[PDB]
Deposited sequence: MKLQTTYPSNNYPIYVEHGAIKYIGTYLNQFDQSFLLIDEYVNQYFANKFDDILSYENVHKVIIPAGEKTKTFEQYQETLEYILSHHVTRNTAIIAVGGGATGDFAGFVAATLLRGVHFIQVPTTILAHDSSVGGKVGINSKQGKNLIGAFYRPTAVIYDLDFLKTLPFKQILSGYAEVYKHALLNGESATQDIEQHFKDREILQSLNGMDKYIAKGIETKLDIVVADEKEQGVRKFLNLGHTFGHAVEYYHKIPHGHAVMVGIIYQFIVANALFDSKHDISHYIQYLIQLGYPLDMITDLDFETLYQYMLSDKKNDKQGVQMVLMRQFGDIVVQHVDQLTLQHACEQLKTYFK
């Protein structure tokens, strides 16, 4: 399969399929050079699958550890010491952390070079699309970065076959977030397929729901590309979730699930949406989520206070200030579990 962006122009393709690693060469021989940035662990995993390929390998730290100024400066300096030109290209081979980072390198290298997204994780079906890239500050998640449409996104589904469950759980929180944004329809549907840990962990039919999720975000970002409207909805649970992640050092996805339950509660203490908190808590339990596990600076805020993406009812998403009280009780109400 192959989806694509629908902007007036300057649009990139999104090749999603098993073995899509093949479409890489059909771009390469058009760039001066190509600096393939790959996650340290991912390298170990697929060091051989990329030997087919003007291309120079750059091994970057494992996951979330690569998104720092230090690593940003280092990586930039190293690449510039290779007399690169504007017609060079960065090939992000790894997960969201790796793509965010490399994507920021390629966005700033000479005010912008060519960017190729090669997502290898489930959560990366989200991170690889949308054009958001960046690193972290001693202040929080994603405070420095930019919007840089990659030249192309090449998603080879064969990459998933090696993800431990922890990452399947982390990444599924995103496949689920998107279904939630598809209203009560695509939701109860996905819950009815991935009903337990076994089906999830087994990745059966995951392909179908990953494409469903890319297809979903692809509409939002084509629409509100600079997050000045509906793209704000994608921050569902990232309010409490970006705070939770950068604080317990738990998988991003895990923290998104928690910000999602949290968001439902805050929606009920405010809109009395009559959300079945106990329903979502058991779904997390049946899936295998680890039930054992700042917001004043998020990117949907203003000089007034907090700003959450609350669901009042399926197909009725809002965004609005929330007193730390409704939050104070929401994070004690969520303690009930």
| query | finding |
| --- | --- |
| Sequence ranges absent from the coordinates, based on the deposited chain and numbered from 1 | 54-57, 298-308, 353-354 |
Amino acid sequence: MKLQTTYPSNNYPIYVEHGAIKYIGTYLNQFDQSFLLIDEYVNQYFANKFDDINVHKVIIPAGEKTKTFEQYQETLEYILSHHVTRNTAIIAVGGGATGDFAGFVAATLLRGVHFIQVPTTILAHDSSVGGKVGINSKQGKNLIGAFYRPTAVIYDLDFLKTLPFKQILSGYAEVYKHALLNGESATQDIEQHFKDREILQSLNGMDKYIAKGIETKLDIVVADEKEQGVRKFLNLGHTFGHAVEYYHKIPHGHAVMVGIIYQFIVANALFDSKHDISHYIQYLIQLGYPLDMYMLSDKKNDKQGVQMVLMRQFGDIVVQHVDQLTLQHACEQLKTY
From here on, numbers count along this sequence of modelled residues.
item: Residue gap status of residue 69, at least a third of other entries; value: no
item: No coordinates for residue 41 in a third or more of the other PDB entries; value: no
item: Mean C-alpha B-factor comparison - 257-265 and 163-171, higher one; value: 257-265
item: Higher-B stretch (mean Cα B-factor, as the entry records it), 40-48 or 27-35; value: 27-35
item: Which of 300, 67, 57, 279 ranks first by CA B-factor in the deposited coordinates; value: 300
item: Ranked C-alpha temperature factor of residue 148 among modelled chain residues, by third; value: lowest
item: CA B-factor ranking of residue 288, expressed as a third of its chain; value: lowest
item: Relative C-alpha B-factor of residue 189, binned into the chain's lowest, middle or highest third; value: middle
item: Residue 14, C-alpha B-factor rank within chain (lowest, middle or highest third); value: lowest
item: Ranked against its chain, the third holding the CA B-factor of residue 140; value: middle
